[PDB]
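Opening piece of the complex, as it sits:
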Amino acid sequence: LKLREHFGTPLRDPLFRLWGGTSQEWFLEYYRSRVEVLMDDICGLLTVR
């Protein structure tokens, strides 16, 4: 899906955009930031936002 191309689109703000030429580790951290996974234990249901 070319996540790198999409997340670098908004040049208006420099805080929540994926800057060009960043490290793979920073890309992984950014992806973990933009994809939230929670687990409800009593029902055991995994919700992905």
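Here it is on my side, so go on. Numbering: from 1, shown residues only, chains lettered A, B, ... in the order given.

Any idea how many residues pack against residue A:49?
Residue A:49: 7 surrounding residues under other CB atoms under 10 Å. (Each C-beta comes from the backbone N, C-alpha and C, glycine too.)

That one and residue A:38, how far apart?
8 Å (CB to CB, to the nearest Å).

For the longest helix along chain A, buried residues please.
In chain A, ranked by residue count with DSSP state H as the criterion, the top helix is helix A:24-34. Residues residue A:30 are the ones in helix A:24-34 that count as buried (16 or more other CB atoms under 10 Å).

so what does that helix touch, helix or strand wise?
helix A:3-7 (3 or more CB pairs under 8 Å, 6 or more residues apart in numbering; DSSP states H and E).

so how many other residues sit close to the nearest residue to residue A:38 once chain neighbours are set aside?
Using CB to CB, 6 or more residues apart in numbering and skipping the chain neighbours, the partner closest in space to residue A:38 is residue A:47 (5.0 Å). Here the number of neighbours of residue A:47 (other CB under 10 Å) works out to 9.

which helices and strands sit right next to the host helix or strand of residue A:47?
According to DSSP states H and E, residue A:47 maps onto strand A:45-48. The contact analysis (3+ CB pairs under 8 Å, 6+ apart) places strand A:45-48 against strand A:37-40.

ok so, going back, give the pairing partners of the strand holding residue A:47; include direction for each.
strand A:37-40 (antiparallel) (DSSP bridges).

roughly how far is the strand it pairs with from the heart of the chain?
16 Å (CA atoms, centre = their mean, to the nearest Å).

Need the residues touching each of residue A:49 and residue A:38.
When CB atoms under 8 Å, 6 or more residues apart in numbering defines a contact, no residue borders residue A:49 and residue A:38 alike.

And what about residue A:42, helix, strand or coil?
Under DSSP: H, G, I helix; E, B strand; the rest coil, residue A:42 falls in the coil class.

and the gap between it and residue A:24?
In terms of CB to CB, residue A:42 sits 37 Å off from residue A:24.

Please identify the residue most distant from the middle of chain A.
residue A:42 (27.2 Å; CA atoms, centre = their mean).

The following sequence is to be added as chain B:
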Amino acid sequence: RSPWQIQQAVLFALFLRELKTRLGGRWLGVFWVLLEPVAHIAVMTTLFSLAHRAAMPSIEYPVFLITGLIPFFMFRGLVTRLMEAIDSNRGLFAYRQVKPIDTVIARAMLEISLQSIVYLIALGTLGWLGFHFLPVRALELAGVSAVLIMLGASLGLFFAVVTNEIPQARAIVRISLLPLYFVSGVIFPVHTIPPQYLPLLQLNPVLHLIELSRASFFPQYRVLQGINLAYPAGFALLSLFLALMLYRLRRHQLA
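Following on from the chains above, chain B is added here:
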């Protein structure tokens, strides 16, 4: 001068006087209060860490304990320090501008400032270690904390006023602060309490306030049935009104 300016100056002087005695001659108290919560948390990491992970694995003890300890510590400090007032300044009631309410007010400001500093430092050092530290709903957390502040100050003022005739009944009140720490769900989540025991505990507003603060802090933290803000808010309002009116009744007996 205007009465407000006189009250402000008296409160400032009382705060300056109280800071030295609360902290210490060499300010050794900062070496204690900063070490105050840590000494509690560490032992619980050696007691029910695995039990908590079995109970709820979504959150972690180093943050779950902090989210309920310092607010409870601050409520307890408010109650205790406001209860010990009046007497500790009994010799200072000789200038016609130092009233018994000003001592408890100044102690309230001092305790609130100290515990807010402790909260900020604890959150900073928790975020330093990589743990989750930023609240999810900060405004709701602030509102619940303000409700807890009002309830604690009200209880402290009421106990300070009502213990003037009977000093000994003061001491057991301090003892009565110990069981609350064990029944407010601070150390362990209250979801593990058997169902027939919870309705008796629902009458404790501190438990509701701690639960609501934790819900506003953590993402996806569930709230048990019967837990609300209306009951603690009404309890705090009624207690504050009664404490203020009783202080109005015995306004001259204390002085």
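
Could you re-examine the neighbour count of residue A:47 with chain B now present?
For residue A:47, the neighbour count with other CB atoms under 10 Å in any protein chain shown is 10.

Next, the contact list for it, please.
Counting by CB atoms under 8 Å, 6 or more residues apart in numbering or on different chains, residue A:47 makes contact with A:37, A:38, A:39, A:40.

So which bits of chain A are right by chain B?
Neighbours of chain B within chain A, by CB under 8 Å from any CB of the partner chain: A:36, A:38, A:39, A:40, A:41, A:42.

how much space between residue B:85 and chain A?
46 Å (CB to the nearest CB, to the nearest Å).

now swap in residue B:162 and tell me
Taking CB to the nearest CB, one finds residue B:162 at 44 Å from chain A.

do the same with residue B:36
Distance from residue B:36 to chain A, by CB to the nearest CB: 32 Å.

give me phi/psi at that residue?
Per-residue torsions, residue B:36: phi -60, psi -50 (degrees, to the nearest 10).

Touching, it and residue B:73? I think so.
Yes. Contact status for residue B:36 versus residue B:73: in contact at 6.7 Å, counting by CB atoms under 8 Å.

Pick out whichever of the two has more residues nearby.
Neighbours were counted for residue B:36 and for residue B:73 using other CB under 10 Å; residue B:73 has more, 20 against 17.

how about the more buried one, what does it touch?
By CB under 8 Å, 6+ apart, the neighbours of residue B:73 are B:36, B:37, B:115, B:118.

Please indicate which of these are buried?
B:36, B:37, B:115, B:118 (16 or more other CB atoms under 10 Å in any protein chain shown).

what number of residues lie near the residue of the stretch 101-250 of chain B found nearest chain A?
Per CB to the nearest CB, residue B:220 is where the stretch 101-250 of chain B lies closest to chain A, at 5.0 Å. By other CB under 10 Å, 13 other residues sit near residue B:220.

which phi and psi does it have?
Per degrees, to the nearest 10, the backbone of residue B:220 is at phi 60, psi 60.

Tell me who's in contact with it.
A:38, A:40, B:58.

Out of the residues you listed, who's the most crowded?
residue B:58 (15 neighbours).

Let me know the secondary structure of that one.
Under three-state DSSP, residue B:58 comes out as coil.
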